[PDB]
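Below is one structure, written out as C-alpha cells; comments come after it.
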Amino acid sequence: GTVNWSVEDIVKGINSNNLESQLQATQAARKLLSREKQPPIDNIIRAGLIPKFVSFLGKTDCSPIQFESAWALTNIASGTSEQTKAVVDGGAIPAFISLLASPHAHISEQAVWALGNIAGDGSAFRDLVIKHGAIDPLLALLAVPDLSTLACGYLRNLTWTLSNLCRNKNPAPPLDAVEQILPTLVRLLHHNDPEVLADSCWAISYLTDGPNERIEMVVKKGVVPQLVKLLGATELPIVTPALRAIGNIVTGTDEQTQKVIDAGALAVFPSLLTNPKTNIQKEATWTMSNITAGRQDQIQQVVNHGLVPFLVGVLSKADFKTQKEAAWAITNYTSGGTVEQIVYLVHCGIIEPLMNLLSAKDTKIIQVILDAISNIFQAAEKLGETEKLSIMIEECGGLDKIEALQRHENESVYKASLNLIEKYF
Amino acid sequence: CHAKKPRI
Amino acid sequence: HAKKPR
C-alpha cells in the first residue's frame, strides 16, 4: 500500500492536511529511499521534502511518522556531502538530538544512525553535531550496568556513531569531546560482540592518528593490553583496526612504544608478518620499522622475540610495499642498533634479500637499502671484517648492483653507490 | 567502518 | 633512527 510510489504522489500526500495521509506518504518515501538500486535521493531533495520530514521529526504525538521521517532522512544523509548538507540545512541535527531521548528505542536508534551519517561526512559536520550537544545524550544511552542488556543492533549503531565522532582530521575531534567519549569507548572495547569490538578499535585507531598528546590521552586509559589481546583475534575485522591503533601508538614517544612492547604485542608479530592478508603484513612491517627506529633495548626486544628472521623473510618475498616497509625497518635497525645487533642481522641472512631489491625501479627503496649497507659496513669496520662483508655482497650478485647504481639517473644513488664501491670495493 | 551507511 | 608515517 506504500510500495512503488512516485515522488509526485509522495508530495501530494505530504502536502495534504491529513496526518495519516502524510504518514502514508512518508512511509512510501522511506521505502523508496530504502531500495538498493538508485534511491531517488536527488528527486526527493528537489521536491522540497526534507523540511517536512524534519518537521515530522518533532511530532511526538505520531511516533510512527517520527520513525519514518527519521529513516528517510537517515538514508538521504547516507549519500553525498551535498545530500547530507541538504539534511543538515533543513535543521535536522537538533531534531535528531531531541529524538535521542525518545521513549521508543526504534526511534532513538534511527536518530543515532542519522547523526552518525551526518558526523561521518567530515570534521565540520562532526563538530557541528558536537556543538548541538549530541555526546551527553548519546553516552547516556550506554549508561547501563551491563551493556549486554541492550540490543545488538542498538549497541552496534551507537558504537558506530561514536566512532564517527572520533573520526576525521583537519581538525581532529575536540579534546574535551575525546575525553568525554573515551571512558565509554573502553567499556565497549571490553564488550563481547565482534562488531562492537571492531568499531571500538576503529575509534581508538582514529583517536591515535595524530600528535603524541592524542596517543597519550588514549594510552593513559590503559587500552594497550586489550588492543594487543584483540590483535590475536581470529576475526580480521577486529585485527585490522587493532593493528592500526598499535602501529599509530608506535609512531610517538619511545615510552609509548614501550607500553606496546610491555603489553605483549611483539609475540603476535610472527603471525602478523606472515599473514595471508597483504595489508596486515604491510601494517605489521611498518609498525616493526617504527619499533626498530627506537631505542636499542627495544631493538633487543625485537631480536629476543625472534622477529629478525621474519623481517628477513618479508624482504625475501612480499608485496613491494611490504618489502619497502621492511627495508625501512632494516635501515632503522642498522642506524640505531649496536654492532652486535647488526652482526646478528647479517647472521640471519639479510644481505642477499636486501641486495636482490637493488634491482627495483623505486628510487627511495634503493636509497634506504644503500644506507643500510653503509651502516652494516661501518659496523664491520669496528670489527675489522669488511672484507668478509665485501665477499658476501659480491658473491650474491651485489657488487654488480651497486656498480650499476653508480650509473643511475638519480644523484644521491650515484654518490652513495660510488662511496660504497670505493671505501670497501 | 563505513563513513556513511543507509538502512536497507 | 627516524619514526615515519604510512
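Along the chain as shown, the residues are counted starting at 1.
Heads up, the Cβ atoms here are built off N, Cα and C, so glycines get one too.
Noted in Swiss-Prot for the protein shown:
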REGION    A:71-167  region 'NLS binding site (major)'
REGION    A:244-332  region 'NLS binding site (minor)'
REPEAT    A:41-80  repeat 'ARM 2'
REPEAT    A:81-122  repeat 'ARM 3'
REPEAT    A:129-173  repeat 'ARM 4'
REPEAT    A:175-211  repeat 'ARM 5'
REPEAT    A:212-251  repeat 'ARM 6'
REPEAT    A:254-293  repeat 'ARM 7'
REPEAT    A:296-338  repeat 'ARM 8'
REPEAT    A:339-385  repeat 'ARM 9'
REPEAT    A:386-425  repeat 'ARM 10'
| Sequence-remote contacts (6 or more beyond its ends) of the repeat 'ARM 10' (A:386-425), Cβ cut-off under 8 Å? | 346, 351-352, 355-356, 358-359, 363, 366-367, 370-371, 373-374, 376-377, 380
| task | Could you pull out which residues elsewhere in the chain have a CB under 8 Å from any CB of the repeat 'ARM 2' (A:41-80), counting only those six or more residues past its ends? | result | 7, 10-11, 14-15, 19, 22-23, 26-27, 29-30, 32-34, 86-92, 95-96, 98-99, 102, 104, 106-107, 110-111, 113-114, 117-118, 121
| note | Contact set of the repeat 'ARM 8' (A:296-338) with the rest of its chain, CB cutoff 8 A exclusive, min separation 6+ beyond the ends, reads 254, 257-258, 261, 266-267, 269-270, 273-274, 278, 281-282, 285-286, 288-290, 344-345, 348-350, 353-354, 357, 360, 362, 364-365, 368-369, 371-372, 375-376, 379
